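Undergrad: Provided hereafter are the protein sequence and its experimental coordinates.
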Amino acid sequence: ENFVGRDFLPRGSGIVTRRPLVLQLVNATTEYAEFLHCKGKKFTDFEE
Amino acid sequence: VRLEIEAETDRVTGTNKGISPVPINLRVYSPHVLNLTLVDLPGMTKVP
Ligand SMILES: Nc1nc2c(ncn2[C@@H]2O[C@H](COP(=O)(O)OP(=O)(O)CP(=O)(O)O)[C@@H](O)[C@H]2O)c(=O)[nH]1
Ligand SMILES: [Mg+2]
């Protein structure tokens, strides 16, 4: 997440990263995030 | 706030009345408000 530059990853003591996250950083006009299950939804705040 | 919201509005689409389906989050913290979500939406259009 520090290499990405923005804090949007689960980080804590113990077992946290418990599933392979395939991130794809892509280029566009402005920033958001989309999964492959909340199709259509545009997550924008990284706490969410 | 009013100036910056439209500055962000045209910083992504331009001045040629194009739109973007990427929301703009905003949080007003005040002792005079609930924990409410007000979703302002763009006007509906039929001809481009
Ligand atoms: N003081 C300190 N703490 C660190 C440092 N790097 C990581 N930590 C701490 O390690 C803990 C877990 O961080 P995290 O990167 O999420 O570990 P992880 O690799 O995701 C655990 P797993 O991969 O097994 O799911 C956090 O509490 C974090 O603060 C560091 O450089 N200094
Ligand atoms: Mg981990």
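TA: All right, it came through fine. Residues are numbered from 1 along each chain as shown, chains lettered A, B, ... in the order given. Ligands and ions are numbered 1, 2, ... in the order given.

Undergrad: what parts of chain A come near chain B?
TA: A:29, A:30, A:32, A:42, A:44, A:45 (Cβ under 8 Å from any Cβ of the partner chain). Using the backbone N, CA and C atoms, a C-beta is placed for each residue, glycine as well.

Undergrad: of those residues, closest to ligand 2?
TA: Distances from ligand 2 to the residues of chain A next to chain B, taken as Cβ to the ion, are shortest for residue A:45 (22.0 Å).

Undergrad: excluding sequence neighbours, find me the nearest residue to that closest one.
TA: In space, and not counting its chain neighbours, residue A:45 is closest to residue B:25: 5.3 Å by Cβ to Cβ, 6 or more residues apart in numbering or on different chains.

Undergrad: how many other residues sit next to the one you found?
TA: 7 (other Cβ atoms under 10 Å in any protein chain shown).

Undergrad: show me where chain B has its helices.
TA: B:2-13 (DSSP state H).

Undergrad: identify the residues contacting the residue of chain A found nearest ligand 2.
TA: Closest contact between chain A and ligand 2, by Cβ to the ion, is at residue A:17 (2.5 Å). Shown in contact with residue A:17 (Cβ atoms under 8 Å, 6 or more residues apart in numbering or on different chains): A:9, A:10.

Undergrad: how about a cut-off of 10 Å?
TA: Neighbouring residues of residue A:17 by Cβ atoms under 10 Å, 6 or more residues apart in numbering or on different chains: A:9, A:10, A:11.

Undergrad: and residue B:43, by the same measure?
TA: Here residue B:43 is in contact with residue B:19 (Cβ under 10 Å, 6+ apart).

Undergrad: how close does it sit to residue B:24?
TA: 16 Å (Cβ to Cβ, to the nearest Å).

Undergrad: what segments of chain A are helices?
TA: According to DSSP H, chain A contains no helices.
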